[PDB]
Amino acid sequence: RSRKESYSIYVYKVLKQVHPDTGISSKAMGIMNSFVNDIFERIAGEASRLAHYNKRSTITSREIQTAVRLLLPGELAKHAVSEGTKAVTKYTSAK
Amino acid sequence: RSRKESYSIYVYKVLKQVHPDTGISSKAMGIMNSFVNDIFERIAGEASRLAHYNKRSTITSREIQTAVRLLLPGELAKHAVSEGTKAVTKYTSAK
Amino acid sequence: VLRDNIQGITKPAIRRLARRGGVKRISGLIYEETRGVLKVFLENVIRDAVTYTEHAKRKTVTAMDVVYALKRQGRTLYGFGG
Amino acid sequence: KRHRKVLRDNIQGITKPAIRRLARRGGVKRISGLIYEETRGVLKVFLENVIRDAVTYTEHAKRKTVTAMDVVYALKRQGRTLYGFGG
Amino acid sequence: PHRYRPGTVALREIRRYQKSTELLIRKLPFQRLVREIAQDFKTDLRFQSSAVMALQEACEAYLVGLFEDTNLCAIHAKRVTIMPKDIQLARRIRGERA
Amino acid sequence: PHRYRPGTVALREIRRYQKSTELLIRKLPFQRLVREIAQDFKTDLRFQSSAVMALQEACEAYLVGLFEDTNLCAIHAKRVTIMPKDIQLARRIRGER
Amino acid sequence: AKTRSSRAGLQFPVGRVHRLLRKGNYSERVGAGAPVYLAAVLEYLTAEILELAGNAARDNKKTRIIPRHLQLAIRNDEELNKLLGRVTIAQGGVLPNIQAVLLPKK
Amino acid sequence: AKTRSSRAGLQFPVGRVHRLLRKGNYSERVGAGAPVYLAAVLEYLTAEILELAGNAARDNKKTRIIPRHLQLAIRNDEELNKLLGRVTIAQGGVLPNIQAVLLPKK
DNA sequence: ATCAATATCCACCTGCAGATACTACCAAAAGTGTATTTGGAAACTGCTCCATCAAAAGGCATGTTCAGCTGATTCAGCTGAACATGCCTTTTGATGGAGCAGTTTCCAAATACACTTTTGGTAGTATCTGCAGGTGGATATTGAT
DNA sequence: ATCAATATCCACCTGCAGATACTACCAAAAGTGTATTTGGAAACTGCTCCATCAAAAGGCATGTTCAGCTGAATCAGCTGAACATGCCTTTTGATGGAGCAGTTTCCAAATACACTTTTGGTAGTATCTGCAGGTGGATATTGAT
Ligand SMILES: [Mg+2]
């Protein structure tokens with residue numbers, strides 16, 4: 001009965017934005033889920049650490065940004081910081 | 001000047017109990033301090049992950065114990081577990 | 001005709017793994033050596049999974065128990081939850 | 001400020017004898033002549049990786065001074081935990 | 001009476017098994033091994049089906065990787081035949097042992 | 001005039017440096033190298049002296065370990081002279097490359 | 001009532017991510033930006049991977065992405081291979097790769 | 001007023017361990033026996049390292065434990081060696097160990 | 001070289017295991033209104049950190065010599081690849097029931113809050129002691145003969 | 001073996017840095033004692049999904065044969081170890097100045113918290129179809145002659 005939450009869905013939307021004529025298997029989606037959870041845990045935990053190292057009690061987007069830089073390779077880190085920065089701006093610039 | 005704490009004292013007491021005629025250099029003590037902070041973090045971390053995996057909001061001595069088992073090798077585990085359980089039993093019965 | 005479970009990991013199976021591995025030619029002592037290695041792998045993972053199981057007061061080892069055991073042994077596995 | 005001498009080619013301060021001494025502590029009895037440059041390359045990469053990460057901690061704390069802790073945390077991230085300098 | 005030269009099938013089998021993703025150990029025997037091993041830690045245990053498939057995926061992935069490394073070790077020593085010592089050297093350097 | 005044969009001082013040096021713990025790279029050069037590299041990441045940085053020492057302790061320990069692995073790779077190929085390919089094979093199997 | 005996701009320009013769920021941050025014990029408090037930023041980084045990487053997986057199914061004359069495609073897309077990309085260097089992709093197999101010295105001479 | 005340490009019969013500080021479990025964001029709540037158990041576990045490991053380090057100091061005719069003695073102790077003990085397999089002890093050096101083939105003659 | 005044996009590729013077909021699609025709740029996001037909390041923005045310290053000068057050793061650079069290691073070459077023997085199939089273990093699919101998971105309950109144990117008491121850290125001075133680094137000088141180790 | 005060069009060993013001996021020793025102040029913990037909240041163990045049980053097993057399935061054990069790989073042996077060439085020599089650069093230890101970590105005190109801005117709407121996201125159910133295998137025939141690769 002009880003709810004089993006996943007990203008299997010946001011993933012499907014992104015798939016449709018990126019390859020509208022392409023589907024995905026059950027297993028494949030399982031992998032993508034693990035992926036999202038994994039990266040989520042890596043970034044959060046590193047953010048958690050930064051905040052603690054600086055005796056701060058709060059995880060802001062700056063802790064996320066720094067984490068992403070520490071966790072991701074060169075270009076990957078970089079197309080990513082932009083995306084993240086963009087989202088924040090757009091969410092802010094939105095009455 | 002701010003109070004920077006360490007486990008220097010505890011470490012020195014335990015040293016006197018096991019080698020009463022033996023001293024420790026401050027470099028060596030720094031190492032010991034690193035060691036305790038490291039193992040502290042490793043166990044505390046495993047226990048946190050553990051509680052969360054089992055949807056508990058509480059880290060009890062039971063989560064410490066399972067962490068210890070996950071973390072330490074064989075004979076170190078066995079012994080750590082007995083000293084642990086022994087310290088709890090005694091503590092519980094000493095109020 | 002009895003047999004050691006471990007010997008259930010057959011020379012042809014082991015060879016297949018090696019072939020996925022890109023290996024062209026195999027000494028005959030590899031099969032026993034491989035069995036040994038494989039046993040220590042499963043020992044380590046299973047020990048940690050089972051530890052998770054007992055922590056949950058269960059009598060079933062779940063995919064998550066395994067997944068988590070894998071993760072902390074530095075063998076993270078995608079596709080079985082988590 | 002007024003001047004501050006340019007740093008260049010300091011990797012060469014990792015001299016052949018120093019490298020030979022590191023190798024001896026690592027048990028090595030005979031050393032090919034090409035090892036010296038190869039080791040300098042490997043060393044540079046390891047330092048760049050650690051320093052990159054330490055400096056990222058420095059910038060995040062808004063300091064201009066890289067600390068032992070900054071280094072210690074970079075080391076740990078990178079699976080080369082170091083005892084003896086704090087943390 | 002036709003006959004392929006030593007090596008030619010082997011290569012063929014490499015090209016084959018690198019192309020595919022099916023498991024390569026037979027399930028029941030892998031499954032029995034899991035249970036034998038687990039019995040030694042706790043008795044009368046049951047395993048989700050997917051808990052056993054997880055294990056099998058992980059082991060196979062591990063061993064194939066070890067074989068890549070093992071093979072590089074044989075090649076380093078100017079051979080093309082993988083011996084135990086190659087497996088020992090790879091584990092040694094991976095930090096799994098010694 | 002007297003000559004030890006090739007290897008005999010090498011073995012002496014191994015026993016000597018395996019027995020001691022002092023840093024084997026000169027401090028001042030190592031420090032310049034650390035400042036060069038960081039300066040290329042961010043200008044106007046200062047370093048706690050213990051930061052530099054930490055880096056140096058950590059680099060020397062990393063290379064000493066890599067030299068051990070490198071040595072095992074040479075011996076595996078029936079040599080006693082470590083070569084770049086030995087460093088390369090060790091790094092690949094470590095997952096450094 | 002407007003989802004923070006739609007405000008942010010994202011498919012991935014800012015709310016859910018905000019919540020997972022609260023209840024994973026990462027910190028006493030959580031900025032408003034933090035889950036937007038994170039959600040966007042997760043969506044981004046998801047995209048990049050689906051993109052390359054996509055192409056790999058296409059290349060194999062297929063329309064439905066399977067674990068294999070995800071393996072070919074990750075291990076053939078230098079940066080994704082690094083990010084996921086210690087991860088096993090179930091049912092992924094391995095890249096076609098034979099060491100040159102093992103190839104037949106003649 | 002008895003410290004919770006003496007109650008539990010420990011040298012290591014239970015209160016301090018309790019506080020660190022709180023401030024480290026490990027979970028919502030901390031059971032009363034966790035810091036007791038944990039402080040005991042750390043006390044035991046430190047007792048264990050000190051024992052072997054002391055011995056190593058006495059073997060080298062020394063009264064004072066330096067970092068080399070911690071390193072000799074840790075690396076000559078299988079289990080400590082494993083527990084600390086990815087850790088560097090500053091000023092530790094390495095274990096004397098020369099590969100047999102490198103020694104002279106036959 | 002040509003030729004036969006056999007593996008591999010490619011085009012097409014088609015049932016169904018496994019996708020995608022739809023519906024309809026509902027847990028959990030969003031909206032609202034107070035109730036704390038926090039991260040600075042300024043405004044000062046005392047540091048460590050940087051620079052720099054001079055003396056001094058301790059180690060670095062270099063060139064020469066040749067020991068012995070590496071890699072080439074050659075080869076015999078041993079050892080693993082390739083080979084056909086029915087015996088037998090694995091695979092598949094059908095069926096009771098173990099126990100995971102859903103739900104509810106309630107108190108032993110947790111947080112919270114405001115006092116009271118103590119200890120662990122530092123800083124000022126003071127003393128001490130282990131051992132680093134120097135000294136011969138008696139005991140190996142090595143390599144030439 | 002025997003002999004000479006030189007590295008090694010060890011043990012005693014003074015200066016001294018780093019260790020231990022108080023002393024004393026105190027500020028921040030830690031502890032103590034109510035008042036208050038609740039997490040999760042305990043007990044009951046619904047219903048997946050896991051162990052068991054019967055018939056259907058197809059991979060593997062076997063023993064023989066010899067291709068070609070591995071490991072041994074020999075050896076010429078040249079690379080890297082040892083060592084003497086000349087002297088540059090690191091080490092060591094001063095001195096000043098300041099750039100900057102590290103604090104503290106006040107709020108405006110931000111985030112948590114209790115309470116109510118208002119969906120987005122899930123489970124359960126209902127259609128829909130991509131492609132896993134099958135076959136047929138052309139084509140490519142391998143190995144013998
Ligand atoms: Mg530069």
Side-chain angles (χ1 to χ4, degrees), chain A residues 1-6 9 23-26 56-58, chain B residues 1-6 8-9 23-26 55-58, chain C residues 1 8 10-13 25-28 57-60 62, chain D residues 4 15-18 30-33 63-65 67, chain E residues 1-10 12 26-29 46-49 78-81, chain F residues 1-10 12 26-29 46-49 78-81, chain G residues 1-4 13-16 18-19 22 28-32 62-64, chain H residues 1-4 13 15-16 18-19 28-32 62-64:
Chain A
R1 277 170 205 166
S2 89
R3 287 162 42 102
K4 217 261 184 290
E5 282 181 338
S6 107
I9 166 160
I24 176 178
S25 85
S26 181
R56 292 277 165 286
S57 45
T58 316
Chain B
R1 58 162 136 281
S2 281
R3 45 139 47 245
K4 39 166 172 155
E5 72 198 6
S6 84
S8 285
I9 275 320
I24 189 162
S25 82
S26 56
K55 308 138 187 293
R56 300 273 154 267
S57 60
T58 309
Chain C
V1 194
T10 71
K11 162 164 168 177
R25 197 168 187 284
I26 307 170
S27 145
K57 293 148 181 171
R58 284 191 270 93
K59 303 203 203 170
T60 320
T62 54
Chain D
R4 188 190 176 286
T15 72
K16 174 176 162 168
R30 203 157 179 287
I31 298 167
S32 146
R63 289 184 269 104
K64 302 217 179 191
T65 308
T67 61
Chain E
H2 187 265
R3 215 189 158 76
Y4 283 114
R5 317 233 283 193
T8 303
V9 195
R12 198 149 74 214
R26 307 291 295 295
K27 299 198 173 183
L28 178 71
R46 324 188 108 193
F47 285 76
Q48 295 193 331
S49 159
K78 295 184 177 166
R79 297 189 263 102
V80 303
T81 317
Chain F
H2 178 267
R3 277 230 150 214
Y4 294 109
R5 301 155 76 215
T8 303
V9 184
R12 194 209 308 322
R26 300 280 102 247
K27 284 201 207 314
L28 172 60
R46 302 161 132 247
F47 283 87
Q48 301 190 334
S49 67
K78 313 190 136 182
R79 286 185 278 97
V80 296
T81 313
Chain G
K2 217 80 226 295
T3 70
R4 293 189 273 181
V14 178
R16 191 171 275 189
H18 200 318
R19 178 205 95 211
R22 305 202 154 291
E28 289 305 320
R29 310 186 126 215
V30 181
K62 263 138 193 211
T63 67
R64 186 191 291 143
Chain H
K2 286 167 184 169
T3 54
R4 284 189 279 171
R16 190 127 108 186
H18 200 340
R19 175 181 94 236
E28 303 303 325
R29 300 164 148 240
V30 173
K62 297 285 195 296
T63 275
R64 190 178 292 132

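What's counted below: heavy atoms across the whole structure, side chains too, no hydrogens, waters or symmetry copies. Chain naming here is simple, since letters A, B, ... match the order of the sequence lines and numbering starts at 1 in each.
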On the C1'-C2'-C3'-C4' criterion (positive north, negative south), the furanose of J:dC87 is south
Checking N1-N3 plus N6-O4 or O6-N4 for Watson-Crick, or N1-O2 and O6-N3 for wobble, each under 3.5 Å, the partner of I:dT89 is J:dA57
inquiry  = Would you say D:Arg30 places a side-chain N or O within less than 4.0 Å of OP1 or OP2 belonging to I:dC69?
reply    = no
Look at F:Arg46 and I:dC47 and indicate whether a side-chain polar atom (N or O) is within less than 4.0 Å of OP1 or OP2.
no
Which of I:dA27, J:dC60, I:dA29 is nearest the side chain of G:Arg19? It is I:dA29
Residues F:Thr81 and F:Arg79: closest non-hydrogen pair is O-NH1, 2.9 Å
| message | Can you see if the side chain of E:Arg3 gets near the phosphate of J:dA144 - specifically, an N or O under 4.0 Å from OP1 or OP2? | response | no
message = In the structure I gave you, are the side-chain heavy atoms of G:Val30 and G:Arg22 within less than 4.5 Å of one another anywhere?
response = yes
Across every strand shown, the nucleotide meeting Watson-Crick or G-U wobble geometry with I:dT23 (both distances under 3.5 Å) is J:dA123
The answer to which of D:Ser32 and C:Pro12 contacts DNA chain J further toward the 5' end, by nearest nucleotide, is C:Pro12
Across every strand shown, the nucleotide meeting Watson-Crick or G-U wobble geometry with I:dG80 (both distances under 3.5 Å) is J:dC66
The sugar pucker of I:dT142, read from the sign of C1'-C2'-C3'-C4' where positive is north and negative south, is south
**Study point:** Flag if over 12 foreign heavy atoms under 6.0 Å of CD, G:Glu28
**Key:** no
message = What contact category does F:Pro1 fall into here, base, sugar-phosphate, or nothing, at under 4.0 angstrom with non-hydrogen atoms?
response = nothing
* Asked: Between G:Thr63 and J:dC131, does any side-chain N or O lie under 4.0 Å from OP1 or OP2?
  -> yes
On the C1'-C2'-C3'-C4' sign convention (north positive, south negative), I:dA110 is classed north
Side-chain atoms of D:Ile31 come closest, of J:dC50, J:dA81, J:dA82, to J:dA81
Looking only at J:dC131, J:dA81, I:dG143, the nucleotide nearest the G:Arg64 side chain is J:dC131
Let's go through D:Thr65 and F:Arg46 carefully: what are the C-alpha distance in whole Å and the side-chain angles of both, what is the deciding distance for side chain to side chain donor-acceptor pair (under 3.5 Å) to 0.1 Å, and is it a yes or a no? CA-CA 4 Å; D:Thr65 308; F:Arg46 302 161 132 247; 5.4 Å; no
Separation of J:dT32 atom P from H:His18 atom NE2, nearest Å, is 13 Å
| message | So H:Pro13, base contact, sugar-phosphate only, or nothing? Heavy-atom distance under 4.0 Å. | response | nothing
I:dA1: pucker by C1'-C2'-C3'-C4' torsion sign, positive meaning north and negative south, is north
On the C1'-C2'-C3'-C4' criterion (positive north, negative south), the furanose of J:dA94 is north
Next item on the list: Describe the nucleic acid contact of C:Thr62 in one word from base, sugar-phosphate, nothing, applying a heavy-atom distance below 4.0 Å.
Entry: nothing
*Base, sugar-phosphate, or nothing: which does A:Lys4 touch, judged by heavy atoms less than 4.0 Å apart?*
sugar-phosphate
Of H:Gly31 and B:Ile9, the one whose nearest nucleotide on DNA chain I sits closer to the 5' end is H:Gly31
Under a 3.5 Å limit on both distances, the Watson-Crick or wobble mate of J:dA109 is I:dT37
Of J:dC50, J:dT91, J:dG40, the nucleotide closest to the side chain of B:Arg56 is J:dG40
Going by atom types alone, do G:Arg29 and A:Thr58 pair a side-chain donor with an acceptor below 3.5 Å?
no
Assign each of A:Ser2 and F:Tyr4 the nucleotide of DNA chain I bearing its closest heavy atom; nearer the 5' end lies the nucleotide of A:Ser2
- Phosphate contact (J:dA27 OP1 or OP2) by B:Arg3 side-chain N/O below 4.0 Å: no
Among the nucleotides J:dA112, J:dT38, J:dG31, whichever has the atom closest to the side chain of H:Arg29 is J:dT38
Ranking I:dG80, I:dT38, I:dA82 by distance to the side chain of A:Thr58, first place goes to I:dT38
Of the candidates J:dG31, J:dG71, I:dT6, the side chain of E:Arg79 sits closest to J:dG71
(message) Please determine whether a side-chain nitrogen or oxygen atom of E:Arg26 lies at a distance below 4.0 Å from atom OP1 or OP2 of J:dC60.
(response) yes
Scanning all shown strands, the Watson-Crick or wobble mate of J:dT52 with both distances under 3.5 Å is I:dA94
Note: A:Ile9 and A:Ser6 closest approach over all heavy atoms is CG2-O, 4.0 Å
- Item | Main-chain N/O of H:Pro13 paired with H:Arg4 side-chain donor or acceptor, under 3.5 Å | no
As its Watson-Crick or G-U partner within any shown strand, both distances under 3.5 Å, J:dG99 has I:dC47
Checking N1-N3 plus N6-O4 or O6-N4 for Watson-Crick, or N1-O2 and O6-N3 for wobble, each under 3.5 Å, the partner of I:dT73 is J:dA73
Note: for B:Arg1 and G:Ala1 on DNA chain J, the residue whose nearest nucleotide lies more 5' is B:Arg1
With sugar-phosphate meaning primed atoms plus P, OP1 and OP2, does F:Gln48 contact a base, only sugar-phosphate, or nothing at under 4.0 Å between heavy atoms?
sugar-phosphate
Testing J:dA82, J:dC69, I:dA82 for proximity to the side chain of E:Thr81, the answer is J:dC69
P atoms of I:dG134 and J:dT92, separation to the nearest Å: 12 Å
Would you say J:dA101 has OP1 or OP2 under 4.0 Å from some side-chain N or O of D:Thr65?
yes
With the side chain defined as heavy atoms from C-beta on, B:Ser57 is closest, among I:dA61, J:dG40, I:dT91, to J:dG40
Under a 3.5 Å limit on both distances, the Watson-Crick or wobble mate of J:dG18 is I:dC128
Tightest non-hydrogen contact, residues C:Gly8 and E:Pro29, listed as O-CB, 3.6 Å
For H:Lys62, answer base if it contacts any base atom (sugar-phosphate contacts may also be present), sugar-phosphate if it contacts only those atoms, and nothing otherwise; contact means non-hydrogen atoms under 4.0 Å.
sugar-phosphate
Closest non-hydrogen contact found for F:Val9 with F:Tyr4 is CG2-CB, 3.9 Å
Please tell me if A:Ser26 has a side-chain N or O lying less than 4.0 Å from either OP1 or OP2 of I:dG18.
no
When rounded to whole Å, the CG to P distance for the pair F:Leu28 and J:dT90 reads 5 Å
Exercise for review: Mind checking H:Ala32 for me? I need base, sugar-phosphate or nothing, with any heavy atom below 4.0 Å counting as a touch.
Suggested key: sugar-phosphate
Review point. Are I:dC83 and I:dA84 stacked bases, their six-membered ring centres under 5.5 Å apart and their planes under 30 degrees apart?
Key: no
Of I:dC49, I:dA67, I:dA82, the nucleotide closest to the side chain of E:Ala10 is I:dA82
note: B:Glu5, atom CD; J:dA29, atom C1'; distance rounded to Å ~ 9 Å
Check your understanding: NA contact type, G:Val14, heavy-atom cut-off 4.0 Å: base, sugar-phosphate, or nothing?
Key -> nothing
